[PDB]
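This text opens with one protein chain seen in two forms, each one given by itself as structure tokens under the names structure 1 and structure 2.
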Structure 1
């Protein structure tokens, strides 16, 4: 570790710490920066050499964390936690969690190499027939094809190609991760990840929220299953069984907006999927990013700085470089460099993703002058909610009209149902998936789910919560959880469930602050400087204060609350319940064993 980066001397008392954190920060920014830069160089250009460089940067960060962390415990382990400065004990608390720096050097190196190899396997996996990538090729197939066999080829191909080789690496990763966090006093890595929400009742609170939301999902599920039955027929859809997992528009069946055209209740009203209009008008990634930016500046939040435009990767490279296409936002911790890395495609759903990613960047811009340990969301769910809240305004028919994407204007009950159904496909359909992923992973970290049951427990959860089934037989050689980005890329998931509840709480509060008095689902906060100021207060806080307090200031309640989501969807919630009753549906999937048959001649009968 460079002499300039090593910790010096301090008093073994409460006073010996503010100068400590200032010195830490001076060096931490340099270390964080070099780590983020090496990660960027790999993720935008996957090579063995860039993996090696990223692994060297990771070792340095671990050296740095070990040095600064052993000092805390030398000086303060018996006595720290006690009074004056709130932001200071947060900064200290973060410095003394060693994590992977607890591993001996050989295991640090193994851990870093595992992360690099898992990332490569996921982001370079292909389905061969010249071979198809996940993004754009398989993603486009899942979104647009109505060929059962083609969808199956893409789904099976992807899950086999990505999941199977990940399994042994994921096992080794899990063991090392647990070994690391156990030395910080956590029972397993999952307990560490949950500790970020600073709630002794987190898992119970989540379960109680899910109980309120589940009826909405079950009714959406039953209606969508019927719509699919009318297209695919009785061979491939069981009206009392789980929906085959490849028919819902998305590789993970995690959101269903791409099958909107099959489910739209009133097809004679204006067409709310504006993708075809975006393509007709010649939108490109650049336009999408500038349009999102202009929403942020309408609220008097910050534009994207020049360094963002110069350094970001906004389209998949056309030079045959391998890249991590999965959309992500990047803080370089130098208060200057902030970037998005997205293989942007021209679609409505991608415009929402652009807003999502830009919300992260806006957070980074607003807290860039805080101490580096405080440059985080109030919790990770807050970070995920910011862009989505703006996208809720952008997606309204009235806003789409303002930006030239929806010519017809209508305000009638049928049009409302269409809109709320489209939004339900995006937001309600996600809820079970958002909830189940870290239920799976928490069980893996705890040892409740050993390698012998990775797939059995994954599919238990997928069927339990989503009411889907794999469209081909699976066994434990398959590792279908590994075919979802966040698993091999070690990114926690519960943040997205939290976000999907939180964003409606934020939307309600911002709409009220804006002076809007109509139905919550027709609110557009565009050009509300007052809504902008309220949001800015959240963003500038970082993690300086407990999330419960930040939330209370913003929305008037100190807790996650489903009521604003329920209020937003009330009309369609009622409508779906009535339609399923009238159509004679069974809610749920009592034929829980059911899987669909294979297509004739599969896979040979596909062009």
Structure 2
């Protein structure tokens, strides 16, 4: 390790630890920069050479973590836990947690290479024909817009087989090394480490209690959408008492259903709330979508995006033949200057939402960039994922869309309310079972409850139990369908999105009240409210300097996750769906749990290109 980056000498007392922490932070800045820069060069240009460079930067990061953690142990291990300063307790407790730096050199190298290779496999996989299709944009476009049973099947099967099958042996090796690493920090397994970020003894029980409250809304949305699908695909491919085939819901993972709005919309002669065709008619591009998102942030007196953001970001998929990680992300270089998005932006209404999601992450980085590096994080990971989604709730209202020239016609009547709440339910309520189940699967893999011999059997148990879907072709343990979802090979934790989907409605309700808005919660738009801005700004500036339960209390009046704001927002549509399903004679749930659809005639030969 460079002489400049090694730990010096400090006294073995709380006062010494104060000096240790400040010195620790001043070094960490330079090591973080080199890591993030190498990661950017690879994720925007996947090559064997750029992987080698990123692995070399990762190794340096591990060498730094080891040197500083050992010093914390040497000086503090028997005393830091009784330190008078809560904040200090927080940094020393982190510094003595070595993670992958606990591995011996040869295994550290093995671990870093596995990360590179899993990322490559996912982001470069394609589906070839009898020139090959990428996930983004080509397969994503098919799953969103095709109403051909056989074309949808070709895309879902091609993707799952191409991405998932080769990942399995690498994912087994990654799991074992990750657990060996975190075990030496005193965690039972890696999942116990990930859950410890919420600092709550009752986390899994509290999540289980939230889901019991939300499940009836999901079951009612599921039954009404199954019926709408039946009226299009017919009795051969839809069983009104069984699971829905996993490729027909608008999305490769069936995780949100807004792309099948046209098939589900209750009252089709009210205003058309999907504005994608208007964006295309008006000639919107990626640069327009980013500028319009920026202007929502400045309307609240939050920060614009700096020159370095515009000069360095990647806002469209490269047209030069580079392979890239298309799944969107926001980057803090840890130098208080360089902040960037990398998104393969397409011109659609759901992508405008995604732009706001990413720009939320940037705004958090701008607001806490002056805190010590160890505290440049969200209050918990759910808070970081929620910020942009909250502003997108306001943007998507019919009233806001009118203000920005995306929806000419204005109506305020009960049918128009039901259309809007149903469209928002397809986006937010359909996701809840998926946002809950992903880390239940992964926690069972890290604990050993799910060995490699049961990866796919236990994935499909969960997908059917929670989402009420079935795979549309037969699967066995050579398939690794969890591996065909970004966050699994890219080692990104998922329970943050279930947390975020609950939190965002808590935050929206609080900001709408601070704005002085007095109408129905689902019609609030906080645009141009400088008072809502100031309240959100207090959250962002806090970083991880204070317990999330306290930050939440200051913001919304309660110190806990709470489903009541979500239920209040959806109340009218919750009642309407329950009455429609009863009048229609639906069965709620999927009692014919063994059912799978038949194959199309001639499959796969009878599809044009």
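Numbering follows the first chain given and starts at 1. Residues that one form lacks are left out of the comparison. C-alpha atoms forming the largest set that superposes within 1.5 Å between two forms make up the rigid core.
Enquirer: Superpose on the core and compare between the two structures; which one of 187, 195, 410, 82 crosses the 2 Å Cα shift mark?
Expert: So the only displaced C-alpha belongs to 82.
Enquirer: By how many angstrom does residue 26 shift at its CA between the two structures when the core is held fixed?
Expert: Residue shift at the C-alpha: 1.7 Å.
Enquirer: May I ask for the C-alpha shift of residue 480 between the two structures, in Å, based on superposition of the rigid core?
Expert: Shift of residue 480 at C-alpha, rigid core superposed: 0.3 Å.
Enquirer: Cα of residue 17: shift between the two structures in Å, core-fitted?
Expert: Comparing the two forms, residue 17 shifts 2.2 Å at C-alpha.
Enquirer: Superposed on the rigid core, which segments of at least three residues move by 2 angstroms or more at the Cα between the two structures?
Expert: Runs with every C-alpha shifted by at least 2 Å: 17-19, 81-89.
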